[PDB]
């Protein structure tokens, strides 16, 4: 049986958080 | 045939329930290519578990990187295939207001608004 669900990783979240443009909520 | 088209409602309700038993915090997101898209690469995967602290802007960057788009290429992520939600919105807020009755959050990506 193969995995159906991609778990978005902390590494790719942090890469996206380190790129501009940075959106600021509130 | 989309995910909604090839999986019954009852099965999708069960899927959400199975996912939440393993991942009580993550948001289950279905991400599909707009049927008329001919320009963006096709994403290899459709089912994403997204931490509930990510915002739309961050999710957009994550998908663009997975498509290895250049900074110049266009990319839109339409929630429910129509709603353009603010990119600053946290995904948990998108989930709370835009989730489907089956409990999944549906998005479509394309080059246009």
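Backbone-built Cβ (ideal geometry, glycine too); neighbour counts: all protein chains shown. Since every read-out is calculated from the coordinates, none of them should be taken as a lab result.
To make sure I understand, if each residue's beta carbon is the centre and we count other beta carbons within 10 Å, what order do B:14, A:26, A:3 fall in, fewest to most? Write down the numbers at each step before the final one.
Details: B:14 14, A:26 3, A:3 8.
Going from sparsest to densest Cβ surroundings: A:26, A:3, B:14.
For chain B, the longest principal axis of the alpha carbon atoms and the long axis of helix B:56-66 meet at an angle near 70°. Neighbour counts of C-beta atoms inside 10 Å place B:75, B:48 in the sequence B:75, B:48, starting with the fewest.
Dividing the Cα radius of gyration of the protein assembly as shown by its Kirkwood radius returns 0.94 for Rg/Rh.
What ranking do B:54, B:108 get, fewest neighbouring Cβ atoms within 10 angstrom at the top? Walk me through the numbers before you get to the answer.
Values: B:54 22, B:108 19.
In order of increasing Cβ crowding within 10 Å: B:108, B:54.
Roughly what % of Cα-Cα distances in segment B:1-40 sit above 14 Å, to the whole percent? Write out the running numbers ahead of the final one.
Working: 457 of 780 pairs.
For segment B:1-40, the share of Cα pairs beyond 14 Å comes to 59 percent.
Averaging the Cα positions of each part gives two centres, and for segment B:66-113 and segment B:1-32 these lie 16 Å apart. Shielding of peptide A:4-17 by partners, expressed as the average count of other chain Cβ atoms within 10 Å per residue Cβ, is 6.
By how many degrees, between 0 and 90 and to the nearest 10, does the Cα long axis of helix B:9-22 differ from the longest principal axis of chain B? Long axis of B:9-22 versus the principal axis of chain B: about 90 degrees.
In chain B, the alpha-carbon atoms span a convex hull of 103 Å³ per residue.
Helices in chain B, meaning DSSP H runs of at least 4 residues, each add -39500 (n - 2.57). Divided by all residues, the mean residue ellipticity at 222 nm is -9500 deg cm²/dmol.
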